[PDB]
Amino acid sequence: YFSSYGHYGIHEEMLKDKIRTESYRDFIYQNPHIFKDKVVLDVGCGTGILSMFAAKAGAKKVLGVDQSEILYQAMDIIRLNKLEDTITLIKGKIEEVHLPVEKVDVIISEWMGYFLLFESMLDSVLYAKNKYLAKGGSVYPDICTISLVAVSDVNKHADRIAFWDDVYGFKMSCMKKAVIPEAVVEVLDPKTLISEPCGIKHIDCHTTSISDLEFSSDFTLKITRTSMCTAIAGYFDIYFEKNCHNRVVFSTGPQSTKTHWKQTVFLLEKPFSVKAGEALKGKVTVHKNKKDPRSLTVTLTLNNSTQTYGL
């Protein structure tokens, strides 16, 4: 849970994601008017680097909150950089902790999971917004989108599914039923994309509620190559827009530099032929799992069949 985030390993991976970390750095350093003399809340501050960016940009006060043990490392790091007079770190869940202020001017966080919403803390960020954001205050990143794109990769498909038909001369076909419903997080070869992307979800963190994060979308994939469609890929775009002189965007899609989010891939049980110029129609719904509500399920209808996928 918060246990995983107690270990340095995930923090190292996020910090070495240059697209991710340089986007936040650029947003703050190139829009210091958003931070100068402001009270900033960093929801899930981790190692504290985002809090230190906000302090450097002239924040009056930064409150860094994390439930994980990493906050004790943040505490030493803030002291090592001599920022303890500007940055106050608080251990606990943003849902329960006591803040030395009633309201904040700005909320910043990196809450995004695989396919944007997996094991994401947007729900925790929205709690902080509704309870703590001042009237006329701002939350960043402010705008997110989710997109789908069609994939043709018969070899990758055969590696994951057809593999189980003959394993050292033995049939293991009954394994396919456990494999198909698990989404795969992997970097896609952009040469395997056979459609234009379709946006299925737009979120503004200023106006969205937790109930908006379970959604359905009809979609149309404009096919660009006559091929066997073997999978649908998902990815997301992150925007820093509100009150920016220097807007910042990053994509986690396969046409962009890879990030630690990679892409999320939903393998089709039955690949099917498509033709260039075809308008491929489908439906996708995202639900919070009843068991672990940090677990998503994604229901995909395409080519007259429906499959539910989890991460």
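Each form is matched to the other, and the largest set of C-alpha atoms that superpose within 1.5 Å is called the rigid core. Just count from 1 along the sequence shown to find any residue number.
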Return whichever of 165 to 173 or 144 to 152 has the larger RMS Cα deviation from the displayed form in 6 other deposited structures of this protein, where every structure is aligned on the rigid core. 165 to 173
Rigid core superposition, C-alpha RMS per stretch in 6 other deposited structures of this protein: which comes out larger, 191 to 199 or 118 to 126? 118 to 126
When the other entries of this protein are compared, is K290 unmodelled in at least a third of them? yes
95 to 103 versus 120 to 128 - which carries the larger mean C-alpha B factor in the record: 95 to 103
Per the entry, higher mean C-alpha B factor between 61 to 69 and 23 to 31: 61 to 69
Most elevated Cα B-factor in the entry, residues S109, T192, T230, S211: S211
Per the deposited B-factor column, the C-alpha that peaks among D165, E241, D237, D153 belongs to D165
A183: C-alpha B-factor third of its chain, per the entry, is the lowest
Test of reading the entry: by CA B factor among the chain's modelled residues, which third contains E196? middle
With respect to C-alpha B-factor, does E12 fall in the lowest, middle or highest third of the chain as deposited? middle
Place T301 in the lowest, middle or highest third of its chain's C-alpha B-factors, as listed in the PDB entry. lowest
Here the Cα B-factor of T88, set against its chain, lands in the third termed highest
